Student: 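Quick one: structure below, then a few questions.
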Amino acid sequence: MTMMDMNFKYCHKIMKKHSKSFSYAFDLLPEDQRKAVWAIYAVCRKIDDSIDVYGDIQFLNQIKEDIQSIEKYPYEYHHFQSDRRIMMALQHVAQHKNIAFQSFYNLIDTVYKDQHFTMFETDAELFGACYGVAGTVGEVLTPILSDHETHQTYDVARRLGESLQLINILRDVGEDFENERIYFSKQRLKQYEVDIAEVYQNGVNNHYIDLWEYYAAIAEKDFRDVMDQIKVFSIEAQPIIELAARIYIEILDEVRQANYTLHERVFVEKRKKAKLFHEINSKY
Ligand SMILES: CC(C)=CCC/C(C)=C/CC/C(C)=C/[C@@H]1[C@@H](COP(=O)(O)OP(=O)(O)O)[C@]1(C)CC/C=C(\C)CCC=C(C)C
Ligand SMILES: [Mg+2]
Ligand SMILES: [Mg+2]
């Protein structure tokens with residue numbers, strides 16, 4: 001094992017630890033592509049988790065500055081300020097692939113703004129936040145998972161990322177509420193006559209289920225639209241991306257089976273993930 005191998009192994013550790021669904025799928029990529037995914041993953045994770053390190057923007061600004069160094073000077077040695085192992089790996093990737101740096105900056109800005117989080121007035125705001133947290137990730141992964149990037153490739157990847165973020169929201173309603181976050185828009189909550197606090201205390205009702213299913217239907221339709229355009233991605237990545245998405249889509253059915261509970265995080269069992277892989281893989 002080289003030093004750089006050690007750097008990617010560490011990124012892999014982070015992804016396996018923190019992202020059971022995405023780890024399962026993306027680890028099936030060919031070596032050079034999965035390694036790039038691990039590095040992108042670990043960067044994004046550090047960005048997402050940065051505020052809780054000291055309680056403020058310090059570690060985040062250090063990440064941003066590290067990324068800026070890489071963008072400006074991809075072939076120079078940097079004394080990274082944040083997590084050196086992750087940044088060395090990102091830099092190695094950047095030397096070989098087009099990285100959409102502005103997409104990382106969009107994600108960072110999204111994390112900065114989350115410090116001042118006020119509920120979304122409308123679904124348009126909510127979907128805007130989904131872009132910032134996850135459409136950006138889709139954009140960053142595009143050159144990794146496709147052979148000749150076009151506007152269509154980016155668009156599909158962005159849509160997928162945003163759909164997965166909406167599923168994430170749908171899984172985590174109760175936990176988010178405990179953390180003083182509600183992501184359903186004020187407009188939709190008012191229309192469906194849903195108070196999340198009241199539902200957290202008293203159990204689901206038909207109003208809440210109707211509202212949840214309204215968003216679920218959006219995530220599903222977007223998922224189907226991505227599946228229909230899967231050929232934008234490289235032949236090797238197609239079944240893997242399909243797997244990643246299907247595993248995440250299955251979370252919706254898990255929520256339903258747990259009666260839309262606001263008091264635990266549902267999950268797709270490993271054995272089910274394997275079932276989905278068999279189904280997809282026979283198709284390919
Ligand atoms: C780079 C990579 C694979 C992921 C990035 C992971 C990170 C940390 C981003 C920081 C912001 C966050 C938190 C975003 C949410 C990820 C789930 O959180 P995680 O905690 O890992 O898993 P779980 O909550 O299930 O335990 C999310 C739903 C976005 C998924 C978007 C994807 C996969 C692109 C799809 C498009 C193509 C594949 C073209
Ligand atoms: Mg996680
Ligand atoms: Mg969540």
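Position 1 is the first residue of the sequence, and the numbers go up from there. All values below were derived from every heavy atom in this structure, side-chain atoms included, with hydrogens, water molecules and symmetry-related copies excluded. In each ligand, atom 1 is the first atom listed, and ligand 1 is the first ligand listed.
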Student: Think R85 forms a cation-pi with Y10, using NZ or CZ under 6.0 Å from the six-ring centre and within 45 degrees of its axis?
Tutor: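 Verdict for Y10: a cation-pi partner in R85.
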Student: Please confirm whether the ring centroid of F117 lies under 6.0 Å from the ring centroid of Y183.
Tutor: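 They qualify: ring centres under 6.0 Å apart.
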Student: Closest non-hydrogen protein atom to atom 11 (C) of ligand 1, residue and atom name please, with distance?
Tutor: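 Answer, as residue, atom name and distance: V133 CG2, 3.4 Å.
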Student: Check each of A42, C44, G135 against atom 9 (C) of ligand 1 and report the one with the nearest heavy atom.
Tutor: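 Answer by nearest heavy atom: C44.
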Student: Can you check which of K46, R45, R158, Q165 brings a heavy atom nearest to atom 20 (O) of ligand 1?
Tutor: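 When every heavy atom of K46, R45, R158, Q165 is considered, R45 comes closest to atom 20 (O) of ligand 1.
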Student: Please determine if the Mg ion (ligand 3) has an N/O/S atom from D172 lying under 2.8 Å away.
Tutor: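 Within the cut-off used here (under 2.8 Å), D172 does place an N, O or S atom near the Mg ion (ligand 3).
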Student: Considering only heavy atoms of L164, which atoms of ligand 1 have at least one such atom less than 4.0 Å away?
Tutor: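 Selected atoms, number and element: 28 (C), 31 (C), 32 (C), 33 (C), 35 (C).
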Student: Which atoms of ligand 1 sit under 4.0 Å from any heavy atom of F26?
Tutor: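 Going through ligand 1 atom by atom, the ones under 4.0 Å from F26 are 3 (C), 38 (C).
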Student: Are the side chains of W38 and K13 in contact, using a 4.5 Å heavy-atom criterion?
Tutor: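 A side-chain contact is absent here, since even the closest heavy-atom pair is not under 4.5 Å.
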Student: Is there a heavy atom in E162 that sits closer than 4.0 Å to ligand 1?
Tutor: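 False for this residue.
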Student: What atoms of ligand 1 come within less than 4.0 Å of a heavy atom belonging to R171?
Tutor: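 It comes down to these atoms of ligand 1: 23 (P), 24 (O), 25 (O).
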Student: Of all N, O or S atoms in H18, identify the one at the shortest distance from the Mg ion (ligand 2).
Tutor: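 Among the N, O or S atoms of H18, the one closest to the Mg ion (ligand 2) is O.
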Student: State, to 0.1 Å, how close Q152 and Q229 come at their nearest heavy-atom pair, and which atoms those are.
Tutor: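 Closest pair (atom of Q152, atom of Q229, distance): NE2-NE2, 2.8 Å.
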Student: At less than 4.0 angstrom from any non-hydrogen atom of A134, what atoms of ligand 1 do you find?
Tutor: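 Going through ligand 1 atom by atom, the ones under 4.0 Å from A134 are 29 (C).
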Student: In the protein, which heavy atom is nearest to atom 22 (O) of ligand 1, and how far is it?
Tutor: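 Checking every protein heavy atom, the shortest distance to atom 22 (O) of ligand 1 gives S19 OG, 3.2 Å.
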Student: What protein heavy atom sits nearest atom 37 (C) of ligand 1, and how far away is it?
Tutor: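 Closest protein heavy atom to atom 37 (C) of ligand 1: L160 CD2, 3.8 Å.
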Student: Would you say the ring centers of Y41 and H18 fall short of 6.0 Å from each other?
Tutor: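 Between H18 and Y41, which both carry aromatic rings, the centre distance is not below 6.0 Å.
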Student: Quick check on contacts: which atoms of ligand 1 are under 4.0 angstrom from a heavy atom of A157?
Tutor: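 The atoms of ligand 1 under 4.0 Å from a heavy atom of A157 are 36 (C), 39 (C).
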Student: Nearest to atom 34 (C) of ligand 1 by heavy atom, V156, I169, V137: which?
Tutor: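 Selected option, by shortest heavy-atom distance: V137.
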Student: Are the ring centres of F59 and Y54 closer than 6.0 Å?
Tutor: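 No - the distance between ring centres of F59 and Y54 does not fall below the 6.0 Å cut-off.
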Student: Considering only heavy atoms of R265, which atoms of ligand 1 have at least one such atom less than 4.0 Å away?
Tutor: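 Close to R265: 26 (O).
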Student: Should one rank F233, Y248, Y41, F22 by closest heavy-atom distance to atom 23 (P) of ligand 1, which comes out on top?
Tutor: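 Nearest option to atom 23 (P) of ligand 1, by heavy atoms: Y248.
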Student: Can you confirm whether the side chains of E139 and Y131 place a donor and an acceptor under 3.5 Å from each other?
Tutor: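 Note: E139 and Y131 side chains meet the donor-acceptor criterion.
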Student: Say whether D123 and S185, considering side chains only, have a donor N or O and an acceptor N or O under 3.5 Å apart.
Tutor: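 Side-chain D/A pair, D123 to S185: present.
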Student: So, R34 and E31, do they make that salt bridge, N to O below 4.0 Å?
Tutor: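 Counted as a salt bridge, because a side-chain N and a carboxylate O are separated by less than 4.0 Å.
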Student: Any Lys/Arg nitrogen of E250 or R246 sitting under 4.0 Å from an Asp/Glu carboxylate oxygen of the other?
Tutor: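 Salt bridge: yes.
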Student: Would the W212 and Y260 ring centres measure less than 6.0 Å apart?
Tutor: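 Yes - the distance between ring centres of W212 and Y260 falls below the 6.0 Å cut-off.
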Student: Just to be sure I read this right, does ligand 1 sit under 4.0 Å from the backbone of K20, its side chain, both, or neither, counting only heavy atoms?
Tutor: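 The answer is neither; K20 stays 4.0 Å or more away.
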